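Asker: Sharing a structure here in structure tokens format.
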Amino acid sequence: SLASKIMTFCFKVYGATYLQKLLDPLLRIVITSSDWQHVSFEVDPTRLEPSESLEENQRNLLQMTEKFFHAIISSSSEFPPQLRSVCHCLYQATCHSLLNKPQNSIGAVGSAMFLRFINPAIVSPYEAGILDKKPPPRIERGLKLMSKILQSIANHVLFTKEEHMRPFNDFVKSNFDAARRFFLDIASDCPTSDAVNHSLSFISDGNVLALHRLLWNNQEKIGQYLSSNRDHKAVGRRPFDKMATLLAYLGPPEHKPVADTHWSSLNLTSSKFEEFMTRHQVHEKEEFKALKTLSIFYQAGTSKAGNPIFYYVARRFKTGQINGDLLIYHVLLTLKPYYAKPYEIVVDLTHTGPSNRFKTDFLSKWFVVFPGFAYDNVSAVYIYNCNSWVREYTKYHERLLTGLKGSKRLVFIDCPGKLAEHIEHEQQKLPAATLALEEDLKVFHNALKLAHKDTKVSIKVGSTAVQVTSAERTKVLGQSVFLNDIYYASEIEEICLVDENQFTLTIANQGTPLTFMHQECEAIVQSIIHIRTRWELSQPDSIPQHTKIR
Amino acid sequence: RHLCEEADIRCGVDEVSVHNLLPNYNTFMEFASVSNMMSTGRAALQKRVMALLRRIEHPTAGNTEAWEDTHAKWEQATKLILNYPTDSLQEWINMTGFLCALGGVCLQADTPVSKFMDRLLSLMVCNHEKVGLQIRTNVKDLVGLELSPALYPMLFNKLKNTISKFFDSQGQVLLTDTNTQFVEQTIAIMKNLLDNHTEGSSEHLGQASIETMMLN
Amino acid sequence: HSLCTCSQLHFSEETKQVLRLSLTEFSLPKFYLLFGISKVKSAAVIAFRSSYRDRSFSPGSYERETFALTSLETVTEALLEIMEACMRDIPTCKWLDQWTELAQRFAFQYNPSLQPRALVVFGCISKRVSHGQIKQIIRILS
């Protein structure tokens, strides 16, 4: 039902992080630790193996359950605020339900929340995406029996006609009070969060578009429902009057954009995605192979710590010309063998432009497609040759990137003289075209960018392109860096020297041209004309152009 | 009801057993409400019956044996009508509608569900002088407006492969009187199939790729 | 529209939002019915005729809808909403006092074509009433 789907979205969107962060450390101990070694978490006499003592299995299973049970109770603070509010409403609903009708409101809430939110992850962590590889069946059995014991604690029900598990009934008795405290803490949230306040007030531009579209489709029917009721007061100041007026004012909604990725729904996880691609024959599509030639996200030697390095080239990926899932599979496939251990990834954003960009929806998928534990195995991230456009993009997509805000793993190369020290020289394989520039031309230090605000920029007139390097640090994701815009010589369509004090540099689809002030403008313009003229000879036919008016 | 109410007595607590001893407990309750309705011709009633028969989510020993047992009768009944060169048909129609709306439970190479489709698709083009028209007029009506949303991913694959062999090597169309009659049916089925918006249909349309069929 | 695009008056940005919303409402199918031109897709087209120099207009369809004094209230109160919004900005404005006098003159004078409409308007806008006025209203009913 509609009410049901509200819960599913609430728990899934926020619960996922809470469960994985808590359960993940515990799973490592049982799955991998040599101390546990091999043991059967089985107490069924029919299936009981004579080799293993029944007592040993029973005590180990009880001990394992205590480990998980203690962690859940301890991590009361880590509960997300959203779910805390959700539990309170149910508590008030049940409490109001009780009043009109020794049932405990907390008892019903605790059993429901645990059964539908905590229980599913423990039973099958692999499906939830907590673990990349399916746990061995013997380990799986212990989790299943563990859930049943834990669930009984919430209901305060002893083992009836359950002699198989009757011996364990003693343990649950002590923890009945403990379970109550955990439920009460979440259920103790104030009905009105006067104290708990978070005035984020995010714009949420993407969501608004869907809301406006939804209203337009059902304009007529939603009006009739309001018309039937509300006769007591004139609707002029009530929804129906406002809805028609506002909706007409805005006009019809704009058409939806296309989707490069395959069809996807809320029911999506790392495990689910991997199976889908495997069944699809992406290997022989002949588009996956092309990605190999483009040399996108390629492994390159190692680092100071010895972890392998990867280099992702922004230039090689077009926004929509290729399906975005195939790129995801290639990155996931290459990282699958090694992403378990800590790894370093370097992203090359040289000459970034709007042509090569990530959309809001497609960007979000990267957070979920990967299993999730690899993110914690991100040893370090290095960004090179950043430019102003990236900063503007970051501001708009801050919400999605808020997790990376002020991220320690993010390392920004403020100047070329810093990366060479930290990274292994003679092994890094940054783009050859990037290396072709070599930043080996004259520097017009202390050139001033005349604009609404003045920023000192050092300009290098390269052999094949012009690099504008800002000399004033900028704040990107909480780390200071100097912006270095790169403009290809071919893209310098117009070069006008208005005056010896400053020159004009108009570029394709950049609106107002770029003006800078240097004591020798004619020297700068002279070289640019010389550089631009050289390209004219290189190109086969420059005369055919234009025939396009924006 | 009397099959459901027995569940409550055996185990008062709902969740522990009422949804474990009788997995399809909630849907069964709906059957009762329809019974408390005004009597109407078999056509009107079959619409409500086939709707509820389409909401049986959980496979069960009863479901998985009612579907197979009634399939064998369906197959043999069909041969008598065709091979021999009105009440007999009316029963045949009911078995098909039932045997489609409740297909999803028996889902999961050669399998009883798959073999149902093959025989079903080989009846859309049934040219029988005596009663041929009525068979095609109704198989189109059912497979379109009544198929279970859990069988869309299998309908398209067989419907697509049937089309793919209409083109010989080097992509040359093979005009045939029957092949032209088959496409005329595939258009009416797809139109009705896509037109209807029901619960759960959306999630299942995603699995299959309708592109290659449309282009051909 | 002329109010929104006039330079003599200086309406704050709050007032101008009221005017622009009113501009949108009057083009809704709700107000086409009040004015009595329902079943007309656009008002502009009917108002103007292209071949108005060559030939004279040829009226027809003498069948004429009726008018209800309850419709006039909806119109008379929508306009009063616009006028007061402006008077908040314009200091010591006299618009409402001039309109009331004009309505008050036709209300209490025998004219079977204007008196009914000039009464539904006198009450919808006026802000004060005295005993002497009420006696006249109840004696027009008598």
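Ordering of the structure tokens sets the chain letters (A, B, ...), residue numbers begin anew at 1 in every chain, and ligands are numbered from 1 in the order given.
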Can you list, as a PDB file with N, CA and C atoms, in the first residue's frame, every protein, DNA or RNA residue that comes within 12 Å of region 89-104 of chain C when you count only C-alpha atoms, leaving out same-chain residues fewer than 4 positions away?

Answerer:
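Result written to selection_20.pdb:
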```pdb
ATOM      1  N   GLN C   8       4.550  56.361 -13.025  1.00  0.00           N
ATOM      2  CA  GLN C   8       4.092  57.358 -12.065  1.00  0.00           C
ATOM      3  C   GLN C   8       3.949  56.753 -10.674  1.00  0.00           C
ATOM      4  N   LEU C   9       3.416  55.537 -10.591  1.00  0.00           N
ATOM      5  CA  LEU C   9       3.260  54.838  -9.323  1.00  0.00           C
ATOM      6  C   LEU C   9       4.485  53.978  -9.042  1.00  0.00           C
ATOM      7  N   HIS C  10       4.879  53.917  -7.773  1.00  0.00           N
ATOM      8  CA  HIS C  10       6.033  53.138  -7.330  1.00  0.00           C
ATOM      9  C   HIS C  10       5.549  52.113  -6.312  1.00  0.00           C
ATOM     10  N   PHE C  11       5.151  50.946  -6.807  1.00  0.00           N
ATOM     11  CA  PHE C  11       4.684  49.857  -5.963  1.00  0.00           C
ATOM     12  C   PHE C  11       5.865  49.008  -5.515  1.00  0.00           C
ATOM     13  N   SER C  12       5.926  48.722  -4.218  1.00  0.00           N
ATOM     14  CA  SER C  12       6.968  47.851  -3.705  1.00  0.00           C
ATOM     15  C   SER C  12       6.874  46.483  -4.377  1.00  0.00           C
ATOM     16  N   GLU C  13       7.929  45.686  -4.210  1.00  0.00           N
ATOM     17  CA  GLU C  13       7.950  44.374  -4.844  1.00  0.00           C
ATOM     18  C   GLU C  13       6.941  43.418  -4.224  1.00  0.00           C
ATOM     19  N   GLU C  14       6.448  43.714  -3.022  1.00  0.00           N
ATOM     20  CA  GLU C  14       5.401  42.885  -2.436  1.00  0.00           C
ATOM     21  C   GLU C  14       4.083  43.079  -3.172  1.00  0.00           C
ATOM     22  N   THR C  15       3.691  44.334  -3.394  1.00  0.00           N
ATOM     23  CA  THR C  15       2.415  44.609  -4.044  1.00  0.00           C
ATOM     24  C   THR C  15       2.379  44.027  -5.449  1.00  0.00           C
ATOM     25  N   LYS C  16       3.454  44.220  -6.213  1.00  0.00           N
ATOM     26  CA  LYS C  16       3.456  43.798  -7.606  1.00  0.00           C
ATOM     27  C   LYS C  16       3.227  42.302  -7.761  1.00  0.00           C
ATOM     28  N   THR C  76     -17.171  41.820  -8.081  1.00  0.00           N
ATOM     29  CA  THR C  76     -17.039  43.060  -7.322  1.00  0.00           C
ATOM     30  C   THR C  76     -16.035  42.930  -6.189  1.00  0.00           C
ATOM     31  N   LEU C  79     -12.167  42.727  -7.795  1.00  0.00           N
ATOM     32  CA  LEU C  79     -11.654  44.059  -8.094  1.00  0.00           C
ATOM     33  C   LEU C  79     -11.321  44.825  -6.822  1.00  0.00           C
ATOM     34  N   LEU C  80     -12.169  44.734  -5.799  1.00  0.00           N
ATOM     35  CA  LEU C  80     -11.872  45.443  -4.561  1.00  0.00           C
ATOM     36  C   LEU C  80     -10.567  44.960  -3.950  1.00  0.00           C
ATOM     37  N   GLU C  81     -10.212  43.695  -4.174  1.00  0.00           N
ATOM     38  CA  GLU C  81      -8.945  43.190  -3.665  1.00  0.00           C
ATOM     39  C   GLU C  81      -7.770  43.897  -4.326  1.00  0.00           C
ATOM     40  N   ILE C  82      -7.841  44.098  -5.642  1.00  0.00           N
ATOM     41  CA  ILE C  82      -6.765  44.781  -6.355  1.00  0.00           C
ATOM     42  C   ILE C  82      -6.624  46.213  -5.858  1.00  0.00           C
ATOM     43  N   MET C  83      -7.744  46.925  -5.736  1.00  0.00           N
ATOM     44  CA  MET C  83      -7.672  48.347  -5.421  1.00  0.00           C
ATOM     45  C   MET C  83      -7.035  48.583  -4.059  1.00  0.00           C
ATOM     46  N   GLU C  84      -7.410  47.792  -3.054  1.00  0.00           N
ATOM     47  CA  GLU C  84      -6.862  48.012  -1.718  1.00  0.00           C
ATOM     48  C   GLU C  84      -5.364  47.736  -1.676  1.00  0.00           C
ATOM     49  N   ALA C  85      -4.901  46.720  -2.406  1.00  0.00           N
ATOM     50  CA  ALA C  85      -3.471  46.431  -2.426  1.00  0.00           C
ATOM     51  C   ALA C  85      -2.673  47.655  -2.851  1.00  0.00           C
ATOM     52  N   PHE C 108     -29.737  54.504  -4.407  1.00  0.00           N
ATOM     53  CA  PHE C 108     -30.959  55.059  -3.831  1.00  0.00           C
ATOM     54  C   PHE C 108     -31.733  55.916  -4.822  1.00  0.00           C
ATOM     55  N   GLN C 109     -31.762  55.527  -6.093  1.00  0.00           N
ATOM     56  CA  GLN C 109     -32.501  56.258  -7.113  1.00  0.00           C
ATOM     57  C   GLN C 109     -33.196  55.247  -8.009  1.00  0.00           C
ATOM     58  N   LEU C 114     -30.306  49.843 -13.425  1.00  0.00           N
ATOM     59  CA  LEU C 114     -29.062  50.016 -12.692  1.00  0.00           C
ATOM     60  C   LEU C 114     -29.193  49.817 -11.193  1.00  0.00           C
ATOM     61  N   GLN C 115     -30.379  49.996 -10.617  1.00  0.00           N
ATOM     62  CA  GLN C 115     -30.504  49.919  -9.164  1.00  0.00           C
ATOM     63  C   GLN C 115     -30.107  48.555  -8.620  1.00  0.00           C
ATOM     64  N   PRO C 116     -30.549  47.431  -9.189  1.00  0.00           N
ATOM     65  CA  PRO C 116     -30.123  46.137  -8.634  1.00  0.00           C
ATOM     66  C   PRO C 116     -28.616  45.963  -8.604  1.00  0.00           C
ATOM     67  N   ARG C 117     -27.915  46.383  -9.659  1.00  0.00           N
ATOM     68  CA  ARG C 117     -26.466  46.225  -9.703  1.00  0.00           C
ATOM     69  C   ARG C 117     -25.756  47.252  -8.836  1.00  0.00           C
ATOM     70  N   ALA C 118     -26.353  48.422  -8.646  1.00  0.00           N
ATOM     71  CA  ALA C 118     -25.760  49.467  -7.826  1.00  0.00           C
ATOM     72  C   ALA C 118     -26.020  49.269  -6.343  1.00  0.00           C
ATOM     73  N   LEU C 119     -26.802  48.260  -5.968  1.00  0.00           N
ATOM     74  CA  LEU C 119     -26.959  47.893  -4.567  1.00  0.00           C
ATOM     75  C   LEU C 119     -26.005  46.779  -4.168  1.00  0.00           C
ATOM     76  N   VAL C 120     -25.831  45.776  -5.031  1.00  0.00           N
ATOM     77  CA  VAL C 120     -24.896  44.697  -4.746  1.00  0.00           C
ATOM     78  C   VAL C 120     -23.471  45.214  -4.663  1.00  0.00           C
ATOM     79  N   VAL C 121     -23.206  46.397  -5.207  1.00  0.00           N
ATOM     80  CA  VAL C 121     -21.876  46.985  -5.190  1.00  0.00           C
ATOM     81  C   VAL C 121     -21.704  47.946  -4.023  1.00  0.00           C
ATOM     82  N   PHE C 122     -22.761  48.665  -3.650  1.00  0.00           N
ATOM     83  CA  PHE C 122     -22.660  49.567  -2.512  1.00  0.00           C
ATOM     84  C   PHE C 122     -22.318  48.805  -1.242  1.00  0.00           C
ATOM     85  N   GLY C 123     -22.921  47.631  -1.053  1.00  0.00           N
ATOM     86  CA  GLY C 123     -22.653  46.862   0.148  1.00  0.00           C
ATOM     87  C   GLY C 123     -21.345  46.107   0.109  1.00  0.00           C
ATOM     88  N   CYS C 124     -20.890  45.714  -1.081  1.00  0.00           N
ATOM     89  CA  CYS C 124     -19.675  44.915  -1.179  1.00  0.00           C
ATOM     90  C   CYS C 124     -18.415  45.718  -0.893  1.00  0.00           C
ATOM     91  N   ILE C 125     -18.447  47.039  -1.063  1.00  0.00           N
ATOM     92  CA  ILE C 125     -17.260  47.857  -0.898  1.00  0.00           C
ATOM     93  C   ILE C 125     -17.355  48.802   0.295  1.00  0.00           C
ATOM     94  N   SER C 126     -18.554  49.207   0.701  1.00  0.00           N
ATOM     95  CA  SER C 126     -18.673  50.234   1.724  1.00  0.00           C
ATOM     96  C   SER C 126     -18.106  49.741   3.050  1.00  0.00           C
ATOM     97  N   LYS C 127     -17.597  50.684   3.846  1.00  0.00           N
ATOM     98  CA  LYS C 127     -16.961  50.377   5.118  1.00  0.00           C
ATOM     99  C   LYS C 127     -17.729  50.898   6.324  1.00  0.00           C
ATOM    100  N   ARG C 128     -18.770  51.699   6.121  1.00  0.00           N
ATOM    101  CA  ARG C 128     -19.555  52.236   7.220  1.00  0.00           C
ATOM    102  C   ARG C 128     -21.000  52.358   6.773  1.00  0.00           C
ATOM    103  N   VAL C 129     -21.922  52.086   7.689  1.00  0.00           N
ATOM    104  CA  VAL C 129     -23.347  52.228   7.429  1.00  0.00           C
ATOM    105  C   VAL C 129     -23.998  52.825   8.667  1.00  0.00           C
ATOM    106  N   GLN C 133     -29.332  55.020   6.526  1.00  0.00           N
ATOM    107  CA  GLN C 133     -29.176  54.259   5.294  1.00  0.00           C
ATOM    108  C   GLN C 133     -29.945  52.947   5.353  1.00  0.00           C
ATOM    109  N   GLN C 136     -33.593  53.179   4.430  1.00  0.00           N
ATOM    110  CA  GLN C 136     -33.853  53.248   2.998  1.00  0.00           C
ATOM    111  C   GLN C 136     -33.768  51.871   2.352  1.00  0.00           C
ATOM    112  N   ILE C 137     -32.775  51.068   2.733  1.00  0.00           N
ATOM    113  CA  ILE C 137     -32.628  49.748   2.125  1.00  0.00           C
ATOM    114  C   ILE C 137     -33.847  48.889   2.425  1.00  0.00           C
TER     115      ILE C 137
END
```

Asker: DSSP says strand (DSSP E) for which residues of region 241-323 of chain A? Put them as a tab-separated table (two decimals) with N, CA and C atoms, in the first residue's frame?

Answerer:
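For reference, part_17.tsv as written:
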```tsv
chain	number	residue	atom	x	y	z
A	298	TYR	N	43.08	3.07	-15.70
A	298	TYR	CA	44.08	2.03	-15.92
A	298	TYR	C	45.03	1.95	-14.73
A	299	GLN	N	45.41	0.72	-14.39
A	299	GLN	CA	46.34	0.50	-13.28
A	299	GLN	C	47.74	0.92	-13.68
A	309	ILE	N	48.09	2.11	-8.09
A	309	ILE	CA	47.52	3.40	-8.49
A	309	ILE	C	46.71	3.20	-9.76
A	310	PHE	N	45.64	3.98	-9.88
A	310	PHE	CA	44.81	4.01	-11.08
A	310	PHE	C	44.65	5.45	-11.53
A	311	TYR	N	44.50	5.63	-12.84
A	311	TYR	CA	44.40	6.95	-13.45
A	311	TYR	C	43.15	7.00	-14.31
A	312	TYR	N	42.20	7.85	-13.93
A	312	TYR	CA	40.97	8.05	-14.68
A	312	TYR	C	41.06	9.36	-15.45
A	313	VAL	N	40.85	9.29	-16.76
A	313	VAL	CA	40.97	10.44	-17.65
A	313	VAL	C	39.57	10.96	-17.94
```

Asker: Within 12 Å of chain A, which residues of chain C show up? Give each one with its shortest atom-to-atom distance in Å (one decimal) and the two atoms involved, counting only C-alpha atoms, rows by chain then rising residue number, as a tab-separated table.

Answerer:
```
residue	atom	partner	partner_atom	distance
C:20	CA	A:249	CA	9.5
C:21	CA	A:245	CA	7.5
C:22	CA	A:245	CA	8.9
C:23	CA	A:249	CA	9.6
C:24	CA	A:249	CA	6.4
C:25	CA	A:245	CA	5.9
C:26	CA	A:245	CA	9.5
C:27	CA	A:248	CA	9.5
C:28	CA	A:245	CA	7.9
C:29	CA	A:244	CA	10.2
C:30	CA	A:244	CA	9.9
C:31	CA	A:245	CA	11.8
C:74	CA	A:236	CA	10.7
C:77	CA	A:236	CA	11.7
C:78	CA	A:236	CA	10.6
```

Asker: Hey, what does DSSP flag as helix (DSSP H, G or I) within region 134-289 of chain A? Can you give it to me as a PyMOL selection string?

Answerer: chain A and resi 137-155+166-187+205-217+219-228+235-237+239-250+270-279+288-289

Asker: Provide as an mmCIF file with C-alpha atoms, in the first residue's frame the residues of chain B at most 12 Å from chain A, counting only C-alpha atoms.

Answerer:
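Output below, filename result_24.cif:
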```cif
data_model
loop_
_atom_site.group_PDB
_atom_site.id
_atom_site.type_symbol
_atom_site.label_atom_id
_atom_site.label_comp_id
_atom_site.auth_asym_id
_atom_site.auth_seq_id
_atom_site.Cartn_x
_atom_site.Cartn_y
_atom_site.Cartn_z
ATOM 1 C CA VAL B 13 -0.592 -15.282 16.987
ATOM 2 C CA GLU B 15 2.640 -13.526 12.237
ATOM 3 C CA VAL B 16 4.167 -16.722 13.634
ATOM 4 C CA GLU B 199 -0.167 -2.921 -9.871
ATOM 5 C CA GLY B 200 3.248 -4.528 -10.240
ATOM 6 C CA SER B 202 5.861 -1.640 -14.201
ATOM 7 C CA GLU B 203 8.527 -3.544 -12.268
ATOM 8 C CA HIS B 204 8.318 -6.498 -14.669
ATOM 9 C CA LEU B 205 8.347 -4.677 -18.014
ATOM 10 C CA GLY B 206 11.904 -3.606 -17.209
ATOM 11 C CA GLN B 207 13.528 -7.032 -17.410
ATOM 12 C CA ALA B 208 12.920 -7.555 -21.133
ATOM 13 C CA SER B 209 14.184 -5.547 -24.112
#
```

Asker: Go through B:57, B:7, B:135, B:121 and flag the residue nearest residue 92 (chain B), using only C-alpha atoms for the distances.

Answerer: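 Result for the nearest residue to residue 92 (chain B): B:135.
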
Asker: Would you compute the distance between CA of residue 41 (chain A) and CA of residue 61 (chain A)? Give it in Å to one decimal.

Answerer: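 Here the two named atoms are 5.7 Å from each other.
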
Asker: Closest to residue 51 (chain B) among B:81, B:147, B:93, B:123, using only C-alpha atoms?

Answerer: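 The shortest atom-to-atom distance to residue 51 (chain B) comes from B:147.
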
Asker: Write out as a ChimeraX atom specification the residues lying within 9 Å of residue 316 (chain A), counting only C-alpha atoms and excluding same-chain residues fewer than 3 positions away.

Answerer: /A:291,294-296,312-313,356

Asker: How many Å separate CA of residue 75 (chain C) from CA of residue 215 (chain A)?

Answerer: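 Spanning CA of residue 75 (chain C) to CA of residue 215 (chain A) is a straight-line distance of 28.2 Å.
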